[PDB]
Amino acid sequence: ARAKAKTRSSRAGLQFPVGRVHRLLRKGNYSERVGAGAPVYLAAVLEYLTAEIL
DNA sequence: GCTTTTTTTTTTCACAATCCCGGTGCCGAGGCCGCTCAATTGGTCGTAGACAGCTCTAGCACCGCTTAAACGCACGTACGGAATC
Ligand SMILES: [Ca+2]
Ligand SMILES: [Ca+2]
Ligand SMILES: [Cl-]
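Residues numbered from 1 in each chain as written, not as in the entry; some residues may be left out. Chains lettered and ligands numbered in written order. Part of a larger assembly, values for the part shown. Heavy atoms only, no water.

Structure determination for this entry, per the PDB record, employed X-ray crystallography and reached 2.84 Å resolution.

Here is the structure:
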């Protein structure tokens, strides 16, 4: 148990910050609990809507 | 049909404005540096919700009368809408 480094954005194959998105969900008063996929799905959508506009 | 006009459309140009080009200069996009704080890891601990099994609500199908409501036509009158000053 000392095996560190990887980011969730990298796991999901994304550019947008999954971790940040997660925190933002958690800190936003949206729901008491937040699934582990919730931010991944969301971030990916924001990536796509961002990419489409650009 | 006449002639004799006034209008509309064509042709013609002048001219005004906007578009295109190469050149110059500034500053903010862009990328890097060096520090830090927030994302990550691995722990623990508890309950949310996924599940299975059961109750009984209420949503659907159907039937068969009774009108109120939709339909389809005749009829003419006011309306929408062109033209003109
Ligand atoms: Ca329950
Ligand atoms: Ca059930
Ligand atoms: Cl999830």
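Back to the text.
**Looking at the protein's contact with DNA strand B**
Contacts to DNA strand B come from 13 residues, most closely from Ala3, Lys6, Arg8, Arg11 and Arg23. Between DNA strand B and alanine 3, the relevant distance is 3.0 Å, taken from a phosphate oxygen to a main-chain nitrogen or oxygen of the residue. Separating a phosphate oxygen of DNA strand B from a side-chain N or O atom of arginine 11 is a distance of 2.8 Å. Listing elements by their share of the surface near DNA strand B, those giving two or more residues are α1 (8-12) and α2 (18-27). Looking at the surface near DNA strand B, the element that brings in the most residues is α2, giving 3 residues. Class assignment for the residues of the surface near DNA strand B results in 3 nonpolar, 2 polar and 8 charged. (Near = heavy atom within 4 Å. Polar contact = N/O pair within 3.5 Å; in protein donor to acceptor, adjacent residues only side chain to side chain. Helix = DSSP H or I, 4+ residues; strand = E, 2+ residues; numbered from the N terminus. Nonpolar A, V, L, I, M, F, W, Y, C, P; charged D, E, K, R; others polar.)

**Section: the side chain of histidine 22**
Relative to the elements of secondary structure, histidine 22 occurs in helix α2. One polar contact links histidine 22 to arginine 8, side chain to side chain, over a distance of 3.2 Å. In contact with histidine 22, not counting residues within four places along its chain, are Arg8, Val34, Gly35 and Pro39. (Contact = heavy atoms within 4.5 Å.)

**Structural notes on helix α3 (residues 37-53)**
Taking 1.5 Å as the rise per residue, α3 with 17 residues should run 24 Å; its terminal C-alpha atoms sit 25 Å apart, in good agreement. Taken as a whole, α3 has its buried residues at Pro39, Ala43 and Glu47. Axial view of α3: buried residues confined to an arc of 75°, hence all on one face. Opposite its buried face, α3 presents the exposed residues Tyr41, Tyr48, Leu49, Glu52 and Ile53, each directed more than 90 degrees away. Looking at the packing, one finds that the buried side of α3 touches α1 and α2. (Expected span 1.5 Å × (residues − 1). Buried < 20%, exposed > 50% of the residue type's maximum accessible area, 1.4 Å probe, protein only. Arc of directions from axis to C-beta.)

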